[PDB]
Amino acid sequence: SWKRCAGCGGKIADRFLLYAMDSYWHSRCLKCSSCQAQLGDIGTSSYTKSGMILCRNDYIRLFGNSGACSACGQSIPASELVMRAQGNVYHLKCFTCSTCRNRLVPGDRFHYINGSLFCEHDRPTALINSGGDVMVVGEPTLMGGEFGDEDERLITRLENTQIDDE
Ligand SMILES: [Zn+2]
Ligand SMILES: [Zn+2]
Ligand SMILES: [Zn+2]
Ligand SMILES: [Zn+2]
């Protein structure tokens with residue numbers, strides 16, 4: 001006899017169905033609590049936390065480590081790429097030379113003195129007489145960084161040949 005869907009309570013007569021969180025589901029019934037996406041089609045896993053079943057992006061958004069821009073002071077979502085320097089994070093558009101206002105990009109040479117950024121061609125000689133050191137702009141990284149998989153629950157797609165992997 002058919003399995004019951006944990007999402008709707010109904011028997012699952014569909015040819016293809018999902019297994020996740022120890023339960024069977026109609027694919028349409030396994031949805032992100034926040035954005036309603038159909039988890040089994042958009043990706044390979046779900047996240048469980050605080051009564052919710054979430055897609056990866058909303059899990060990051062609601063529970064990942066957000067930060068704040070050292071230049072403008074405003075929060076940075078976990079999902080946003082940031083520039084890094086001397087232990088600070090910056091909005092990409094905030095990562096600019098304090099003298100000429102050029103936006104600094106990966107591979108650029110730059111100087112840092114007491115929070116102020118300077119491009120290679122605006123070396124602040126007057127200030128320098130630790131800022132003498134030339135640094136290389138790194139690639140942008142995600143604000144949230146790496147996170148553990150302890151709330152991740154893989155989704156398995158199954159075929160009922162009326163149960164086999166898909
Ligand atoms: Zn259902
Ligand atoms: Zn979502
Ligand atoms: Zn900023
Ligand atoms: Zn400059």
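Along the sequence shown, the residues carry numbers beginning at 1. As the structure lists them, so they are numbered: ligands from 1, and atoms in each ligand from 1.
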What I'd like to find out is whether the side chain of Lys3 reaches to under 4.5 Å of the side chain of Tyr19, using heavy atoms alone. no
How wide is the angle at the Zn ion (ligand 3) spanned by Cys69 SG and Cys94 SG, rounded to 10 degrees? 120°
Note: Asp58-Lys49 ion pair, threshold 4.0 Å (strictly below): no
State whether the side chain of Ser98 and the backbone N or O of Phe118 hold a donor-acceptor pair below 3.5 Å, judged by distance alone. no
How about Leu18 and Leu158: do any of their side-chain heavy atoms sit closer than 4.5 Å? no
At the Zn ion (ligand 2): angle between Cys55 atom SG and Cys32 atom SG, to 10 degrees: 120°
Output the atom name for the N/O/S atom of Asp122 with the smallest distance to the Zn ion (ligand 4). OD2
With distance as the sole test, does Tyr59 use its side chain to make a donor-acceptor pair with the main-chain N or O of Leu62 at under 3.5 Å? no
With the Zn ion (ligand 4) at the apex, how many degrees lie between SG of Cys119 and SG of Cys100, rounded to 10 degrees? 120°
Short check: any N/O/S atom of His121 below 2.8 Å from the Zn ion (ligand 4)? no
Student check: side-chain heavy atoms of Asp41 and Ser27 closer than 4.5 Å: yes
The Zn ion (ligand 3) - name of the N/O/S atom of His91 that sits closest to it: ND1
Examine all N, O or S atoms of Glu120, backbone included, and report whether one is under 2.8 Å from the Zn ion (ligand 4). no
Kindly give the atom name of the N, O or S atom of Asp58 closest to the Zn ion (ligand 2). OD2
